[PDB]
Protein chains: 2
Amino acid sequence: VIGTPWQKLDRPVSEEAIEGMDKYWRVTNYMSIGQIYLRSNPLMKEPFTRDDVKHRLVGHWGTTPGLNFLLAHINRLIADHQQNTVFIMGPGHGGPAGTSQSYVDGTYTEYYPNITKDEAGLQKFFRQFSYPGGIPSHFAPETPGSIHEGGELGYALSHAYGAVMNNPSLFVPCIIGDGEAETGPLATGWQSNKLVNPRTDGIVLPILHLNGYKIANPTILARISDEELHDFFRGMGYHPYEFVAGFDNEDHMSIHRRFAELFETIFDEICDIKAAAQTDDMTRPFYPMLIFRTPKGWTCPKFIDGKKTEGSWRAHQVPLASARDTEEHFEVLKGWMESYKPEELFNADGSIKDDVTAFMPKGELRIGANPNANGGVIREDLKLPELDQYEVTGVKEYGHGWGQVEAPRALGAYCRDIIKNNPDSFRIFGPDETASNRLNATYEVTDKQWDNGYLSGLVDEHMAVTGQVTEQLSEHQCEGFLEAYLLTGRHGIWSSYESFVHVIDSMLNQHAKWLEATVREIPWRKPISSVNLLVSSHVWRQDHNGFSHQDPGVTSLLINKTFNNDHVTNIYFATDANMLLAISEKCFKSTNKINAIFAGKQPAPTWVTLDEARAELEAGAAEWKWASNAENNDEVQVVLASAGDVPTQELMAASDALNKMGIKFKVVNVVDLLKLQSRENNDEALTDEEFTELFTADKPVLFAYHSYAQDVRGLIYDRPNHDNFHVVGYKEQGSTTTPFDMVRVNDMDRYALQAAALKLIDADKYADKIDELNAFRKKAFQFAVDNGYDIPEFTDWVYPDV
Amino acid sequence: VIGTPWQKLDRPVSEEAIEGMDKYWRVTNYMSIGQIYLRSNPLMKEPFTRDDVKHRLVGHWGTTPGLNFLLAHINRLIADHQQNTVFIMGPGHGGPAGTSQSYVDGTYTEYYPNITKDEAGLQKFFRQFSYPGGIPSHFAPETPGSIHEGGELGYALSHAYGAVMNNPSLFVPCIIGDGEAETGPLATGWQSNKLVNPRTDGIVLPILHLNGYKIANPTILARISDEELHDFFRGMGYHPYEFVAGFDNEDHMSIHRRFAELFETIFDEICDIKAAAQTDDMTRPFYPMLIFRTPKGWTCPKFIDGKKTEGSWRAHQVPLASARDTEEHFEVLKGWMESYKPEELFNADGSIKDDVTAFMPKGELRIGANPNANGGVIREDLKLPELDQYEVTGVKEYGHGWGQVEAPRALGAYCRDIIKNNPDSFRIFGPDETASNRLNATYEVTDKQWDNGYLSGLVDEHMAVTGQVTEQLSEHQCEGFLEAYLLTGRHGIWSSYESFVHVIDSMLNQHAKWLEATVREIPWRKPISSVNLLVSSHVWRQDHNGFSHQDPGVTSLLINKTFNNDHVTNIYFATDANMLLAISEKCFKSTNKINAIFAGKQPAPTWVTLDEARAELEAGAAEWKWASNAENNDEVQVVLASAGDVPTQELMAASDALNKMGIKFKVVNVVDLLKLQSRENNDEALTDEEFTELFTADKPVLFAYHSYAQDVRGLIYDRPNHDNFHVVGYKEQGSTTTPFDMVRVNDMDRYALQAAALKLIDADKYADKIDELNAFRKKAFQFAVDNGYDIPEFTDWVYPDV
Ligand SMILES: Cc1ncc(C[n+]2csc(CCOP(=O)(O)OP(=O)(O)O)c2C)c(N)n1
Ligand SMILES: Cc1ncc(C[n+]2csc(CCOP(=O)(O)OP(=O)(O)O)c2C)c(N)n1
Ligand SMILES: [Mg+2]
Ligand SMILES: [Mg+2]
């Protein structure tokens with residue numbers, strides 16, 4: 001347990017602390033300007049000239065001084081209260097404020113020993129910001145203190161809230177851009193306070209950085225009336241406080257006193273809410289939130305070239321773009337840097353004076369050092385139940401292809417027991433789909449956590465104010481919550497109807513990018529758990545729905561994250577429940593990954609034993625020898641290959657029929673897609689020799705793909721025998737229809753697959769059989785049209801093992 | 001002008017109208033149940049048995065009766081007021097309520113003559129819903145009255161608002177699911193009332209379908225306190241009204257009277273707001289919104305098998321799943337269908353009685369017939385300015401590769417003049433990026449429309465309460481607004497930083513799917529204008545930003561929409577401003593497309609004349625003969641190929657150097673990407689013969705790709721000479737850095753390209769030159785590290801034409 005959580009001060013903030021906070025604000029303002037403008041001479045020692053100014057001025061001043069003000073006050077708070085604290089920088093383009101924070105708290109020099117606490121260190125600190133060979137413009141994962149970069153705006157609040165889940169001692173002041181608040185994901189973010197519990201979760205404090213402006217526009221929230229703004233936050237279940245500063249001549253020390261006193265009122269209320277929640281954990285409190293209304297660019301020159309800058313969108317990027325080039329602009333920069341009076345903040349050796357930091361928290365309470373902001377230092381392996389107890393045993397008992405098992409129900413029972421063994425560190429998220437995707441065996445040991453109105457046990461099944469499943473009809477919220485949950489060292493999984501995974505494609509992009517930078521160059525940031533996503537209710541079996549719900553293409557997005565042997569992405573196609581089991585265990589042991597686990601939820605055949613799934617998963621693709629009828633690759637007329645539960649069922653029925661015709665083939669199943677890539681693009685892929693062995697050197701390959709055929713084609717482009725692959729995939733065809741018709745209109749049904757294989761073997765010899773199969777598909781459809789359900793030859797076919 | 005907009009009644013709703021509305025509600029409820037459950041015997045004529053019930057029960061009852069209630073009342077409204085009305089069905093899974101509406105209003109039989117107004121027609125109407133060979137489960141584009149399917153929830157409000165833009169006579173009651181309101185995009189949707197003007201735009205009426213439940217959960221909004229709920233909507237600038245019905249024994253006619261009176265109060269206030277806005281168009285009114293709180297599944301059996309159904313999430317999907325199979329369940333269905341007393345609603349011939357519809361609007365005011373809900377019937381071609389006036393003339397005057405032109409500024413001037421010539425039907429949307437992407441020449445003729453607080457001319461440039469540019473920091477809002485703007489027959493464009501286009505990938509998915517169904521099978525739905533998206537501030541030149549802003553992969557998403565010769569997607573890589581011009585004109589004339597127009601905003605060389613861009617765009621790819629030094633394909637040692645402004649600059653510098661070494665090559669530029677596909681996948685692509693001519697039959701091809709190399713590889717997989725293409729693309733490498741370093745770390749810089757070409761020609765002969773180039777890249781980087789800007793050999797290189 002870190003510090004002394006939820007303690008009130010019961011005295012005023014000291015005058016020493018106010019003094020220190022103004023010194024912090026002035027030094028972090030100064031060094032943020034230095035990071036942006038200065039290539040050398042950080043203390044402006046004589047001669048200080050244009051030659052000290054960066055050739056390329058890049059970065060973001062506007063948000064930065066308001067961030068630095070808040071961080072002064074949050075730091076002061078942490079230290080007075082000994083409060084376990086992680087902040088979120090929504091305006092992540094304010095990167096100098098987060099690097100300045102770490103540098104002041106001492107963690108920057110601890111993590112980066114070359115960036116020393118003295119003039120030479122400070123020169124390097126200024127130069128290196130947004131610079132070739134240096135550091136990023138944003139609150140990147142290489143910044144001690146960051147679990148959120150804030151490059152792609154809108155995830156401030158889901159991360160803040162996922163971080164405090166099952167973290168009752170943790171306090172998260174979440175700085176949100178007022179421009180950011182215009183995004184979709186941020187707007188639904190506010191509603192998370194109905195989904196956390198004030199006894200078992202920690203506390204988020206939304207701080208709205210209402211600086212009036214985004215890039216080139218005012219913001220919506222800053223320009224509505226104050227009464228609308230207050231009604232807004234009250235209507236979302238918060239107690240709003242508003243702070244206004246910086247628009248008149250109020251002196252800075254007065255501003256600090258007033259803000260500290262306000263911030264103490266807000267914290268006191270948080271402490272009262274925490275204390276009350278130990279007794280009453282059912283009443284949802286009105287959590288405080290802070291509206292912080294200060295000028296953009298605060299403390300910068302009011303006008304530059306006769307244009308309003310402080311208190312404007314003009315302050316957004318880099319004021320004085322000509323500081324290197326004119327001398328008019330350099331004089332303004334010099335005066336600006338001087339107004340912070342650095343001669344009072346730095347010792348002659350260029351170290352930051354002791355009296356600038358005496359007020360700062362220390363040790364692991366420092367914002368840069370809290371282990372919650374590097375959660376893999378506190379992550380523990382899950383206590384996993386043995387997989388074998390979950391196996392579908394039907395394959396051993398009756399044969400390959402047996403039964404009508406709904407595959408995710410095995411993952412559900414497994415997840416149930418993981419929750420039981422790890423009761424406060426493994427969460428399930430679902431956009432109102434947990435049950436729909438068949439993971440509700442989990443409710444046998446816990447509830448959907450819901451901290452909002454209850455009506456009746458006749459309607460309110462499987463929910464309680466505390467629990468380890470969270471649902472909200474928002475994919476951004478599910479993915480945001482989980483990411484931060486993982487980033488602070490815990491574990492879990494979510495699920496989503498496959499076509500709607502795309503809502504959060506850009507979230508997968510950013511978390512994959514966080515993972516990339518991390519495995520490449522941040523060894524101090526320890527491994528976190530993986531994002532585990534069950535992609536179910538797939539393209540082929542969206543029976544109550546239709547075309548809008550048919551889009552397996554998150555595959556294609558994920559493929560754009562597969563470089564440089566990072567290995568931060570995996571795409572798995574579970575063939576049935578036993579494959580699902582094998583994949584899930586690997587996923588739950590893995591770290592530093594996004595894992596997409598595709599499985600169908602419909603009743604379906606089970607193809608492999610558990611032991612077989614384990615061996616196959618390990619290699620990535622496997623021959624199914626019990627299904628091949630050819631002896632060796634020379635005897636093979638076609639390779640029958642599959643990835644996907646329905647492509648597989650269809651390929652298998654086709655193989656049954658090709659067998660009965662005396663065609664000689666082999667069956668290859670593919671589970672781990674990226675392992676089809678060449679070793680040169682992927683050092684963990686099948687070797688060429690392994691690839692050739694599976695797929696032959698010179699025989700045609702019929703490949704039935706779950707998603708767009710383009711994926712497999714681009715992936716195998718430098719593989720031997722690639723020109724022989726015929727890839728059949730989803731091709732934007734379907735509607736509200738029978739299971740047979742869905743595969744039919746994509747040429748994915750068994751008859752079409754058979755026909756395709758014939759065409760590849762000898763189109764002339766089998767012209768007639770092909771026609772006959774093409775017509776049988778037409779007859780099977782008409783039969784569905786006329787009767788309301790699929791032709792029994794189709795529905796009732798079970799694989800000949802049995 | 002349609003009907004008599006914004007007229008008050010000044011009398012009570014008639015008793016005849018209340019009577020009709022209850023008949024509408026009862027008949028649409030009845031027929032919605034019929035669509036879901038009945039394969040035959042729609043009037044339950046003796047014998048009515050289980051054999052009449054669908055074998056596969058699929059569909060969504062829960063939302064449906066509340067929709068049917070609202071539609072009764074909106075229909076009654078339209079007719080009393082002669083009000084130009086389009087509705088939005090947010091809960092688009094309530095498809096039977098929209099098909100029932102069209103069937104009652106008469107448009108279904110007009111558009112689908114086989115679905116007749118009599119027993120035989122009604123049998124077909126019931127059977128065909130969610131059925132093989134029939135119609136979709138959702139409010140699909142084949143439903144007269146639909147401009148929004150509501151399959152992927154969350155876009156109800158952006159569409160509602162984009163529809164009323166520059167549409168002052170149009171009224172849009174927007175039905176939003178209370179589950180839908182939990183999504184990100186819906187939550188920011190509410191804020192659009194700060195972005196429309198009540199004089200020059202029409203009026204949206206948000207109706208929150210607060211039925212208490214989503215799929216398997218209660219909803220956030222239904223379970224907070226009523227006071228929070230009211231504060232919420234008031235805080236977003238609405239006047240909230242609340243209607244509660246259905247939870248007691250209040251008789252239905254009383255419910256209709258009470259609701260009609262409320263709905264009249266709401267409309268009166270809308271009429272007052274409209275009338276006031278003719279004089280005061282600066283004061284933002286508090287638009288009405290309606291909280292409609294009724295039981296899910298309303299009028300269904302209260303309990304089924306001892307489980308609460310009406311007033312529960314259980315009502316969500318298909319109550320009585322066993323209606324075919326038990327007889328216990330069939331008796332319940334029969335009683336349920338009977339409670340609507342259809343013997344009072346249908347004539348003996350099975351036509352709907354006249355007194356059920358006498359209250360209904362007629363002609364083009366009918367919900368199914370309004371041309372706003374099929375906007376291509378009112379769409380007109382834009383009055384386009386001549387392109388030649390915008391040409392960058394530098395290419396003709398000084399040579400290929402001249403100048404430092406910021407390409408989109410030509411599109412900006414063009415857009416400026418399009419707005420001038422079409423002042424109320426062409427809009428620009430930008431997520432706070434219009435200026436950042438260089439389209440602000442548009443503000444020369446109009447303003448960013450902003451209907452919210454103003455502070456000062458010192459900060460509030462280029463904005464006014466009415467205008468034809470709209471910005472909000474939300475990609476969902478930009479894309480939603482535009483889609484509906486196009487769907488109701490107008491035109492426009494938006495722009496977005498490239499990596500953030502992904503926020504709305506799933507929106508592109510749905511609108512592409514709308515387009516697909518439309519071109520394939522809905523000839524009555526006329527062509528609308530295309531979605532035009534400028535994809536700028538690209539991967540290669542995100543100078544103030546870094547890794548989070550580097551992701552050109554919307555390419556890959558778009559490629560998953562390129563089937564069956566729909567031609568609903570285009571991906572264009574503008575090489576410079578003249579190519580941009582040529583592409584933009586084609587885009588602005590096109591229909592029924594999503595067009596992604598990639599262009600760099602950085603200062604950059606201009607490569608082609610306008611006339612050349614026109615010829616090249618038409619073919620899709622072109623040899624640049626003035627750049628080739630080889631005579632014919634036999635003389636060619638490598639094909640130098642490009643798609644992208646920066647890949648192109650880099651390839652050109654490489655070609656300059658390969659020339660000087662006496663290497664013989666050709667230069668192919670690629671603008672229209674999908675035209676690289678085979679004719680078999682794309683009937684408008686380059687012929688194999690055209691392809692071979694550009695790319696040779698047997699020579700290596702160096703392909704410098706703007707985005708992920710996987711895209712080109714999968715696209716050319718069946719093209720002749722494909723195994724000779726070496727595709728270099730973005731590979732997840734970069735940071736906050738120099739322009740040279742960004743291309744360097746992706747092996748995309750000129751030296752790397754040269755080296756690559758050498759390797760393809762003779763790796764052994766040029767081992768030394770390759771090493772030398774690899775080292776020069778290392779030296780150029782160190783130079784950037786040491787000096788703060790790129791090596792002059794790199795920066796100052798201008799193409800030898802000049
Ligand atoms: C999803 C997304 N869209 C667009 C951008 C482009 N962008 C970078 S900062 C910014 C404006 C930020 O304004 P605000 O959140 O108010 O922050 P401020 O700098 O005023 O603190 C925008 C539009 C982005 N970062 N993320
Ligand atoms: C973006 C998205 N995510 C998930 C779904 C899955 N889904 C289909 S309907 C539904 C619940 C809808 O509830 P609500 O909006 O309250 O509508 P109701 O049927 O009660 O009118 C969900 C979660 C979806 N359609 N869209
Ligand atoms: Mg702001
Ligand atoms: Mg609902």
# chains A, B, ... in the order shown; residues from 1 in each chain; ligands from 1
call {"tool": "residues_near_ligand", "arguments": {"ligand": "ligand 1", "cutoff": "6 Å", "atoms": "only C-alpha atoms and all ligand atoms", "output": "ChimeraX atom specification"}}
result
/A:62-63,91,151-153,177-180,211,213-215,316 /B:432,473,500
call {"tool": "write_last_selection", "arguments": {"atoms": "N, CA and C atoms", "output": "PDB file, in the first residue's frame"}}
result
ATOM      1  N   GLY A  62       0.659  26.317 -26.216  1.00  0.00           N
ATOM      2  CA  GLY A  62      -0.621  26.833 -25.634  1.00  0.00           C
ATOM      3  C   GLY A  62      -1.110  26.120 -24.362  1.00  0.00           C
ATOM      4  N   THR A  63      -1.231  24.795 -24.436  1.00  0.00           N
ATOM      5  CA  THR A  63      -1.734  24.039 -23.322  1.00  0.00           C
ATOM      6  C   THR A  63      -0.749  24.030 -22.164  1.00  0.00           C
ATOM      7  N   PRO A  91      -4.345  16.611 -23.056  1.00  0.00           N
ATOM      8  CA  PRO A  91      -3.618  17.377 -24.088  1.00  0.00           C
ATOM      9  C   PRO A  91      -2.149  16.928 -24.209  1.00  0.00           C
ATOM     10  N   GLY A 151      -1.881  11.719 -27.948  1.00  0.00           N
ATOM     11  CA  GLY A 151      -1.588  12.134 -29.309  1.00  0.00           C
ATOM     12  C   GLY A 151      -2.895  12.152 -30.086  1.00  0.00           C
ATOM     13  N   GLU A 152      -3.588  11.032 -30.082  1.00  0.00           N
ATOM     14  CA  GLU A 152      -4.911  10.924 -30.659  1.00  0.00           C
ATOM     15  C   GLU A 152      -5.893  11.194 -29.529  1.00  0.00           C
ATOM     16  N   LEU A 153      -6.510  12.359 -29.577  1.00  0.00           N
ATOM     17  CA  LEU A 153      -7.304  12.833 -28.432  1.00  0.00           C
ATOM     18  C   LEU A 153      -8.553  12.044 -28.258  1.00  0.00           C
ATOM     19  N   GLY A 177      -8.567  18.096 -22.497  1.00  0.00           N
ATOM     20  CA  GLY A 177      -8.507  19.339 -23.295  1.00  0.00           C
ATOM     21  C   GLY A 177      -9.946  19.784 -23.552  1.00  0.00           C
ATOM     22  N   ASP A 178     -10.166  21.094 -23.653  1.00  0.00           N
ATOM     23  CA  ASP A 178     -11.550  21.494 -23.901  1.00  0.00           C
ATOM     24  C   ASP A 178     -11.888  21.194 -25.364  1.00  0.00           C
ATOM     25  N   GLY A 179     -10.850  21.154 -26.216  1.00  0.00           N
ATOM     26  CA  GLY A 179     -10.999  20.671 -27.607  1.00  0.00           C
ATOM     27  C   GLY A 179     -11.232  19.172 -27.588  1.00  0.00           C
ATOM     28  N   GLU A 180     -10.415  18.452 -26.828  1.00  0.00           N
ATOM     29  CA  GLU A 180     -10.637  17.005 -26.651  1.00  0.00           C
ATOM     30  C   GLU A 180     -12.076  16.671 -26.264  1.00  0.00           C
ATOM     31  N   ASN A 211      -9.253  26.197 -21.556  1.00  0.00           N
ATOM     32  CA  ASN A 211      -8.401  27.349 -21.920  1.00  0.00           C
ATOM     33  C   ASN A 211      -8.990  28.157 -23.105  1.00  0.00           C
ATOM     34  N   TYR A 213      -9.851  27.411 -26.205  1.00  0.00           N
ATOM     35  CA  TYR A 213      -9.440  27.284 -27.628  1.00  0.00           C
ATOM     36  C   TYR A 213      -8.896  25.903 -27.918  1.00  0.00           C
ATOM     37  N   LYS A 214      -9.028  25.470 -29.171  1.00  0.00           N
ATOM     38  CA  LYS A 214      -8.347  24.299 -29.682  1.00  0.00           C
ATOM     39  C   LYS A 214      -7.266  24.836 -30.639  1.00  0.00           C
ATOM     40  N   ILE A 215      -7.045  24.177 -31.775  1.00  0.00           N
ATOM     41  CA  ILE A 215      -6.035  24.669 -32.653  1.00  0.00           C
ATOM     42  C   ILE A 215      -6.282  26.064 -33.245  1.00  0.00           C
ATOM     43  N   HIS A 316      -1.540  28.298 -29.573  1.00  0.00           N
ATOM     44  CA  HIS A 316      -1.580  26.845 -29.641  1.00  0.00           C
ATOM     45  C   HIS A 316      -0.237  26.158 -29.936  1.00  0.00           C
TER      46      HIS A 316
ATOM     47  N   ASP B 432     -11.268  20.830 -36.809  1.00  0.00           N
ATOM     48  CA  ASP B 432     -10.352  21.881 -36.305  1.00  0.00           C
ATOM     49  C   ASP B 432      -9.054  21.901 -37.152  1.00  0.00           C
ATOM     50  N   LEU B 473     -13.977  19.468 -33.091  1.00  0.00           N
ATOM     51  CA  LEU B 473     -12.910  18.517 -32.885  1.00  0.00           C
ATOM     52  C   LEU B 473     -13.524  17.117 -32.694  1.00  0.00           C
ATOM     53  N   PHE B 500      -5.544  10.201 -38.219  1.00  0.00           N
ATOM     54  CA  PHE B 500      -6.842  10.277 -37.503  1.00  0.00           C
ATOM     55  C   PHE B 500      -8.092   9.970 -38.323  1.00  0.00           C
TER      56      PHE B 500
END
call {"tool": "residues_around", "arguments": {"residues": "residue 471 in chain A", "least_positions_apart": "4", "cutoff": "8 Å", "atoms": "only C-alpha atoms", "output": "NGL selection string"}}
result
:A and (429-434 or 448-449 or 478)
call {"tool": "select_by_dssp", "arguments": {"residues": "range 92-175 of chain A", "states": "helix (DSSP H, G or I)", "output": "JSON, numbers by chain"}}
result
{"A": [95, 96, 97, 98, 99, 100, 101, 102, 103, 104, 105, 107, 108, 109, 110, 111, 119, 120, 121, 122, 123, 124, 125, 126, 127, 128, 156, 157, 158, 159, 160, 161, 162, 163, 164]}
call {"tool": "write_last_selection", "arguments": {"atoms": "N, CA and C atoms", "output": "CSV table (one decimal), in the first residue's frame"}}
result
chain,number,residue,atom,x,y,z
A,95,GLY,N,3.8,17.9,-24.1
A,95,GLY,CA,4.9,17.0,-23.7
A,95,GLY,C,5.9,17.7,-22.8
A,96,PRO,N,6.3,19.0,-23.2
A,96,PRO,CA,7.3,19.6,-22.2
A,96,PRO,C,6.8,19.7,-20.8
A,97,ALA,N,5.5,19.7,-20.5
A,97,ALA,CA,5.1,19.9,-19.2
A,97,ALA,C,5.3,18.5,-18.5
A,98,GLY,N,5.3,17.4,-19.2
A,98,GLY,CA,5.4,16.1,-18.5
A,98,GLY,C,6.9,15.7,-18.4
A,99,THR,N,7.7,16.2,-19.3
A,99,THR,CA,9.2,16.0,-19.3
A,99,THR,C,9.7,16.9,-18.2
A,100,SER,N,9.2,18.2,-18.2
A,100,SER,CA,9.6,19.1,-17.1
A,100,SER,C,9.3,18.5,-15.7
A,101,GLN,N,8.1,18.0,-15.6
A,101,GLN,CA,7.7,17.4,-14.3
A,101,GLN,C,8.7,16.3,-13.8
A,102,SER,N,9.0,15.4,-14.8
A,102,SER,CA,9.9,14.3,-14.4
A,102,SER,C,11.3,14.8,-14.1
A,103,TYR,N,11.8,15.8,-14.8
A,103,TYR,CA,13.1,16.4,-14.6
A,103,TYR,C,13.1,17.1,-13.2
A,104,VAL,N,12.1,17.9,-12.9
A,104,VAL,CA,11.9,18.5,-11.5
A,104,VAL,C,11.8,17.4,-10.4
A,105,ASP,N,11.0,16.3,-10.6
A,105,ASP,CA,10.9,15.3,-9.5
A,105,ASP,C,12.1,14.4,-9.4
A,107,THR,N,13.1,11.9,-11.4
A,107,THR,CA,13.0,10.6,-12.2
A,107,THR,C,13.6,10.7,-13.6
A,108,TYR,N,13.6,11.8,-14.2
A,108,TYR,CA,14.2,11.9,-15.6
A,108,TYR,C,15.7,11.6,-15.5
A,109,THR,N,16.4,12.2,-14.6
A,109,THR,CA,17.8,11.9,-14.4
A,109,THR,C,18.0,10.5,-13.9
A,110,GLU,N,17.2,10.0,-13.0
A,110,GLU,CA,17.3,8.6,-12.6
A,110,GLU,C,17.1,7.6,-13.8
A,111,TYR,N,16.1,7.9,-14.8
A,111,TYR,CA,15.9,6.9,-15.9
A,111,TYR,C,16.9,7.2,-17.0
A,119,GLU,N,24.1,22.6,-15.6
A,119,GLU,CA,24.0,23.3,-16.9
A,119,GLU,C,24.1,22.3,-18.2
A,120,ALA,N,25.0,21.4,-18.1
A,120,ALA,CA,25.3,20.5,-19.2
A,120,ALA,C,24.1,19.7,-19.4
A,121,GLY,N,23.6,19.0,-18.4
A,121,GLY,CA,22.3,18.2,-18.5
A,121,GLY,C,21.1,19.0,-19.1
A,122,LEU,N,21.0,20.3,-18.7
A,122,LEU,CA,19.9,21.1,-19.1
A,122,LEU,C,20.0,21.5,-20.5
A,123,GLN,N,21.2,21.7,-21.0
A,123,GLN,CA,21.4,21.9,-22.4
A,123,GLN,C,20.9,20.8,-23.3
A,124,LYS,N,21.3,19.6,-22.8
A,124,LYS,CA,20.9,18.4,-23.5
A,124,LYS,C,19.3,18.2,-23.4
A,125,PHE,N,18.7,18.6,-22.3
A,125,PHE,CA,17.3,18.4,-22.1
A,125,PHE,C,16.5,19.3,-23.0
A,126,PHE,N,17.0,20.6,-23.2
A,126,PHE,CA,16.4,21.5,-24.1
A,126,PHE,C,16.5,21.0,-25.5
A,127,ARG,N,17.8,20.7,-25.9
A,127,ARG,CA,18.0,20.4,-27.3
A,127,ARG,C,17.2,19.2,-27.7
A,128,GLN,N,17.2,18.1,-26.9
A,128,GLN,CA,16.6,16.9,-27.3
A,128,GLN,C,15.1,16.7,-27.5
A,156,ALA,N,-8.8,10.2,-22.6
A,156,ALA,CA,-8.4,10.7,-21.3
A,156,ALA,C,-9.2,10.0,-20.2
A,157,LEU,N,-10.5,10.1,-20.3
A,157,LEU,CA,-11.4,9.6,-19.3
A,157,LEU,C,-11.5,8.1,-19.2
A,158,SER,N,-11.7,7.3,-20.3
A,158,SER,CA,-11.6,5.8,-20.2
A,158,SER,C,-10.3,5.3,-19.6
A,159,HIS,N,-9.2,5.9,-19.9
A,159,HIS,CA,-8.0,5.5,-19.3
A,159,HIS,C,-8.0,5.9,-17.8
A,160,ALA,N,-8.5,7.1,-17.5
A,160,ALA,CA,-8.5,7.5,-16.0
A,160,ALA,C,-9.3,6.5,-15.3
A,161,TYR,N,-10.5,6.1,-15.8
A,161,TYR,CA,-11.4,5.3,-15.1
A,161,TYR,C,-10.9,3.8,-15.1
A,162,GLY,N,-10.3,3.3,-16.1
A,162,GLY,CA,-9.8,2.0,-16.1
A,162,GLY,C,-8.7,1.9,-15.1
A,163,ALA,N,-7.8,2.9,-15.1
A,163,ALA,CA,-6.8,2.9,-14.0
A,163,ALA,C,-7.3,2.8,-12.6
A,164,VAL,N,-8.4,3.4,-12.3
A,164,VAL,CA,-8.8,3.3,-10.9
A,164,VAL,C,-9.6,2.1,-10.5
call {"tool": "residues_near_ligand", "arguments": {"ligand": "ligand 4", "cutoff": "12 Å", "atoms": "only C-alpha atoms and all ligand atoms", "output": "PyMOL selection string"}}
result
(chain A and resi 432+473) or (chain B and resi 60-67+90-94+153+175-182+208-223+292-298+311-317)
call {"tool": "closest_residue", "arguments": {"among": "A:498, A:447, A:764, A:201", "to": "ligand 2", "atoms": "only C-alpha atoms and all ligand atoms"}}
result
A:498
call {"tool": "residues_around", "arguments": {"residues": "residue 266 in chain B", "least_positions_apart": "2", "cutoff": "10 Å", "atoms": "only C-alpha atoms", "output": "mmCIF file with C-alpha atoms, in the first residue's frame"}}
result
data_model
loop_
_atom_site.group_PDB
_atom_site.id
_atom_site.type_symbol
_atom_site.label_atom_id
_atom_site.label_comp_id
_atom_site.auth_asym_id
_atom_site.auth_seq_id
_atom_site.Cartn_x
_atom_site.Cartn_y
_atom_site.Cartn_z
ATOM 1 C CA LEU B 205 -35.882 17.250 -32.583
ATOM 2 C CA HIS B 239 -35.305 22.459 -23.434
ATOM 3 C CA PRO B 240 -36.172 18.934 -22.160
ATOM 4 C CA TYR B 241 -39.698 17.589 -22.042
ATOM 5 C CA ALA B 260 -50.433 14.632 -29.039
ATOM 6 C CA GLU B 261 -50.920 17.612 -26.751
ATOM 7 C CA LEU B 262 -47.322 17.417 -25.558
ATOM 8 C CA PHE B 263 -46.064 16.991 -29.131
ATOM 9 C CA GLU B 264 -48.091 20.090 -30.114
ATOM 10 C CA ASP B 268 -45.283 25.242 -31.159
ATOM 11 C CA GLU B 269 -42.007 26.066 -29.441
ATOM 12 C CA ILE B 270 -40.131 24.956 -32.598
ATOM 13 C CA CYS B 271 -42.419 27.243 -34.641
ATOM 14 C CA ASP B 272 -41.713 30.128 -32.219
ATOM 15 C CA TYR B 287 -34.051 23.611 -28.807
ATOM 16 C CA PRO B 288 -36.684 21.244 -27.500
ATOM 17 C CA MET B 289 -35.765 17.616 -26.969
ATOM 18 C CA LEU B 290 -38.063 14.810 -25.860
#
